[PDB]
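> Just the starting chains for now, same placement as in the complex:
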Amino acid sequence: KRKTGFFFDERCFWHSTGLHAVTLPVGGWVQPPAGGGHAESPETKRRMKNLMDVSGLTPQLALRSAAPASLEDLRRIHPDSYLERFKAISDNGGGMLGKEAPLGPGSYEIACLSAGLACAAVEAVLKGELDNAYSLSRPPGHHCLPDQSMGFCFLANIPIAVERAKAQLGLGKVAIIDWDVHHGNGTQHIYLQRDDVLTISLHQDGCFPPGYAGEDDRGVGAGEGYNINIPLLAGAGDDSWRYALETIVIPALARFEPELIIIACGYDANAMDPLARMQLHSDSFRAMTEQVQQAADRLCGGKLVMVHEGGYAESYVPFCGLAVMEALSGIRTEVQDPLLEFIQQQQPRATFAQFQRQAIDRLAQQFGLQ
């Protein structure tokens, strides 16, 4: 039906972060790994693209790369002191950009590309050249603060793309919905005092950043009311995430009236993920994509951009990604998710489901949406 862009570049798969045993740095009591290392591996993302190819989906999409984000683009978000230190470490062979921010040689130029893919996806959709678009942006962006890398993120991908669109393409109100299972603390910080961007994060209560829930953080000054955190309970599955979208996110969008919806699209709420404890399956992600595409249809002429964030289940993320691209493009391949029925049977029973529904009801009331 739609003309759907897929923005990606081989170079994004070349970003490295040194030797880790899953998330632990090697040394001391942490033995080096015999096989695969850091959880933020290129394979998480490359396997999704590989499955899109063998499924026959890829040739029916508009495939694109992009020019890297320029220095000027980076500077709408990040000060030079941060950028220079990121680039120095990148240029000297890789190393640490403060605690638990490892990067590799040439990571700077690859992070600029990753942000440039997001910039170009936003631009194509805004200019009406595409109906909607997905950016396979690695490294991710949603934890990055202006002057601090965190949670495997080095540049604030979505804010860079948005700020560029506001400066060059007259973009007005935009909503950012972050269903990566971790809290989008970088996006929240950047837009905390602004009423022209609504930031919504669904996330696992207390997961990352650790110990953060955030429901009382609504924004400050002019931005008060324009930040929504939905801390879902660890263990929640398909029913809970879809109910939260239905009850909180879709009504919030209706009230705000954006001209563009952007999804920070992680898959780490999937049921086999080592970096969170949620129980989503590929049909969960397909249903959430349909819900936000339908909202985009009602509110901003169908303009929807999705930007890849997290997801660390190497065998399972591809099936979730494929589902999203199928829902986005309107094209169904012959692929059947081999774990779907298994994960459907593992879903929380009625007691938990109702408990979580009531917690979501209390949040919607607290946010003035019910």
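Sure, I can see it. Numbering: from 1, shown residues only, chains lettered A, B, ... in the order given.
> When you work out contacts or count neighbours from here on, use the C-alpha atoms and nothing else.
Will do.
> And the helices in the stretch 251-370 of chain A, which stretches?
Secondary structure of the stretch 251-370 of chain A (DSSP state H, counting those that start in this stretch): helices located at A:282-299, A:317-329, A:340-346, A:350-366.
> And the third one, what's buried?
For helix A:340-346, the neighbour count (16 or more other C-alpha atoms under 10 Å) marks A:343-344 as buried.
> how about that helix as CSV, C-alpha atoms only?
What follows is helix A:340-346, C-alpha atoms only, in CSV (Å, rounded to 0.1, in the frame of the first residue of the first chain):
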residue,chain,number,x,y,z
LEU,A,340,5.0,-17.0,18.6
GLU,A,341,2.8,-19.7,20.0
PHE,A,342,5.3,-20.6,22.7
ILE,A,343,5.6,-17.0,24.0
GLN,A,344,1.7,-16.7,23.8
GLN,A,345,1.5,-19.6,26.2
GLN,A,346,4.0,-18.0,28.6
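> and it, what other elements does it pack with?
With contacts defined as 3 or more C-alpha pairs under 8 Å, 6 or more residues apart in numbering; DSSP states H and E, helix A:340-346 has no helix or strand neighbours.
> Kindly report the same for the longest one.
Helix A:282-299 sits against helix A:238-244, helix A:250-256, strand A:304-308, helix A:317-329, with contacts defined as 3+ C-alpha pairs under 8 Å, 6+ apart.
> Chain B should join the structure above:
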Amino acid sequence: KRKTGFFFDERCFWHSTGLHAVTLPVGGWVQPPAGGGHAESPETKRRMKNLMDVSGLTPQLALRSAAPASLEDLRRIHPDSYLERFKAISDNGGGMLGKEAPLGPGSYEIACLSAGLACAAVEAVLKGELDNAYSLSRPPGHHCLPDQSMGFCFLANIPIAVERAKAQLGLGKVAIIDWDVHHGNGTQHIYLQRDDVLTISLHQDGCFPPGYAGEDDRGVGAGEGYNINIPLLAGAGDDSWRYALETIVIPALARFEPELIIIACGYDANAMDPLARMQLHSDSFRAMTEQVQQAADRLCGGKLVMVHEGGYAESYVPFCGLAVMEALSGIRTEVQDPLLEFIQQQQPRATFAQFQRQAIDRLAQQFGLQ
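Okay, chain B now, added to the rest:
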């Protein structure tokens, strides 16, 4: 303080199960993995032993191997038709023992060793040669039915050891507590009609076998009252698992009065596990070990055996295993768990904790323990 046995054999690390992408068999829509493959990898278990060595713990334990379980030992549990088919597949190069039971060449002899390590651990403790013991039994046992492999298990390790002890060492009542995060369906089936073994399983509601909770399954005929299932909510952490032990398991043991406690000790309730959604840390496992050691001290002269089951977080399981061996032996090394404080901060907040406490209270009432 204690004389603690550690039973293990290099050959257990040589059991293989063919090519998988985590748990998915390769083929069709599942792309072959570039690095590590099946989640049930030798590294999950070998890294624990490696950390015990470098920590200085190993030389303070009684290290042992064992003779494999004999055919006669296997036949107290398993009929010959199953055993012959397992051995035929093992002897012909590996393959499938029905659906989703892959094994490799020589797996039969390695499964017999794994069960023999459990037999010998039970025997050493029963005969008073050791105070307590741990068996690093791979492949695991707690899903195996008499005539059906399941959940990476090929022989019923703990039942074989128990049935041998009943036949050769006059063992009477024994309690089996299974804190692997999946349901011990094999142990439950084998002892379902018996009052001489109490089987207790704490597990994630609906996880594996998928869609099974089990609270109403209490045993049949003479065995009614002697099976206890505790389906904990996905997402539960340290508070919940320890409260369930305190409120249900310790009182159940006090009522039953065993002569030996055996733990089916998996670590897959750890907070980084891809095969479940629980939030335990190394101190959770240390505290659960202390609770059951203390019960063994009160009830059966300190006689406690632990038998390794699951745990698939390759970087994290070693820290959990070390904690158990430290608590079992009474010796504290200088190792500090580098994720402990991180996972403590991710723990469910009070709302969930109280909800899960009330669910556990309802189970204890239903089981006549409150």
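> once more on the buried residues of helix A:340-346, this time with chain B?
For helix A:340-346, a neighbour-count test (16 or more other C-alpha atoms under 10 Å in any protein chain shown) marks A:342-346 as buried.
> so which of those are also by chain B?
Near chain B, judged by C-alpha under 8 Å from any C-alpha of the partner chain, the entries from the buried residues of helix A:340-346 are A:342-343, A:345-346.
> Closest to residue B:307 out of the buried residues of helix A:340-346?
Among the buried residues of helix A:340-346, residue A:346 lies closest to residue B:307 (C-alpha to C-alpha), at 26.0 Å.
> from what I can see that closest one touches residue B:213, true?
No: with contact defined as C-alpha atoms under 8 Å, residue A:346 and residue B:213 do not form a contacting pair (9.9 Å).
> Next, show the common contact partners of these two.
B:205-206 (C-alpha atoms under 8 Å, 6 or more residues apart in numbering or on different chains).
> Tell me the residues on chain A that lie near chain B, please.
Contact residues (C-alpha under 8 Å from any C-alpha) of chain A with chain B: A:21-22, A:24, A:29-31, A:35-36, A:47, A:51, A:205-208, A:210-211, A:233-236, A:271-279, A:313-315, A:335, A:342-343, A:345-348, A:352.
> Need the buried ones from those selected in PyMOL.
To isolate the buried subset of the residues of chain A next to chain B in PyMOL, counting by 16+ other C-alpha under 10 Å, use the following:
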select buried, chain A and resi 21+22+24+29+30+31+36+47+51+205+206+207+208+210+211+233+234+235+236+271+272+273+274+275+276+277+278+279+313+314+315+335+342+343+345+346+347+348+352
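> Also, this goes in as chain C:
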Amino acid sequence: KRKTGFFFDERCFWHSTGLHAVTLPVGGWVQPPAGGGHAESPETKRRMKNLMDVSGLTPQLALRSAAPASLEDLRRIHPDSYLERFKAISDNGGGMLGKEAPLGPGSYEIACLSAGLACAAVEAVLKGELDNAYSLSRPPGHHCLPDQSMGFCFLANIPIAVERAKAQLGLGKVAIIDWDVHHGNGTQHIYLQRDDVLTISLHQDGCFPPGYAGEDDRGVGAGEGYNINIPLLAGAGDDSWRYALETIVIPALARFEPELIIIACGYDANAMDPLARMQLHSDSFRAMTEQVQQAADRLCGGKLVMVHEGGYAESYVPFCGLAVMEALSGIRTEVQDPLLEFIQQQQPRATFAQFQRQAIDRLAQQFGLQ
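Placing chain C onto the earlier chains gives this:
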């Protein structure tokens, strides 16, 4: 300069062969591998394509896939009894097609694709739509006999493409030059009695098939004089391989006067290869490509097809492949081979070089070329 085809398909990277420690099957005394497994891994070939992309070469080539080779195409070479057994094993989950021929689920359809890429490359060049072409055909073909898989090969890729071109496109004389470091025993067998195809193999003396040199095997009946084996000494490097091309292969082509040259292009003579003992570098492969392209220019209007075979050095093969594609297309990227100068310094000294030159001189005399 040229219009160069690059024929490849994502599905070729999905062929698997079960669990191996490099080339050894697991079991018995062979411990399962912790990381990567069979040497014939998709990464050997995928890393070459990945480097072509990041170098900027790929968009300057004519990229294509192909229809799989049909049953009729396969049957010009292979009898049905072989084909049916290959397909049965493929369809039943993978397994063994006799000794040391492991394949995986769906390998049949992927081998048909691999052969179809070669068919299409030959066709495009023959019809004048491309000047020259490379096929990234995996699994490889040059060891496959009509009724027997061997050396990781399941279908005879190049013979299938040639026989199809003879039947459908009026192809006459064709020369096949095989510089994979192992002997092309499948190609040699298929064309042994034919004067319409000249098969030339440069290979490591005695490497694979093991213990075979082959210099006295010249062909039989009408085919006598139309098979040339050049068993080079283990340890030989750039000087030796280029001298053999210069002294034996180029004059043999001049005498035969082909209408098309096909290269069976392996990279396993590279200096870091675990499956042979030769000392070639990326400039060796670039120089050999230039030599055969120049011959094609003199003899058959520039018509040259290259078909990927072997090469198992995962970090080094990409640099060798890139060099070939640069020489084939006439386009030089900015990539500099980081091991080039190192391997140049390891090359055999003058004593060995002259010894090997004299051995090549004796062969050229024996073949009537000097």
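> Check the buried residues of helix A:340-346 one more time with chain C there.
So, applying 16+ other C-alpha under 10 Å, buried residues of helix A:340-346: A:342-346.
> As JSON lines, these with distance to chain C would be great.
Compiled in JSON lines, those are given as follows (distance: C-alpha to the nearest C-alpha, whole Å):
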{"residue": "A:342", "distance to chain C": "21"}
{"residue": "A:343", "distance to chain C": "24"}
{"residue": "A:344", "distance to chain C": "26"}
{"residue": "A:345", "distance to chain C": "26"}
{"residue": "A:346", "distance to chain C": "27"}
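> so can I have JSON lines of these showing distance to residue B:370?
Compiled in JSON lines, the buried residues of helix A:340-346 are given as follows (distance: C-alpha to C-alpha, whole Å):
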{"residue": "A:342", "distance to residue B:370": "35"}
{"residue": "A:343", "distance to residue B:370": "34"}
{"residue": "A:344", "distance to residue B:370": "34"}
{"residue": "A:345", "distance to residue B:370": "31"}
{"residue": "A:346", "distance to residue B:370": "29"}
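> Now do the contacts for residue A:25.
Taking C-alpha under 8 Å, 6+ apart as the criterion, residue A:25 is in contact with residue A:19.
> Next up, identify which helix or strand the closest residue to chain C within chain A is on.
As assessed by C-alpha to the nearest C-alpha, chain C sits closest to residue A:35 within chain A, at 4.0 Å. In the assignment (DSSP states H and E), residue A:35 maps to no helix and no strand.
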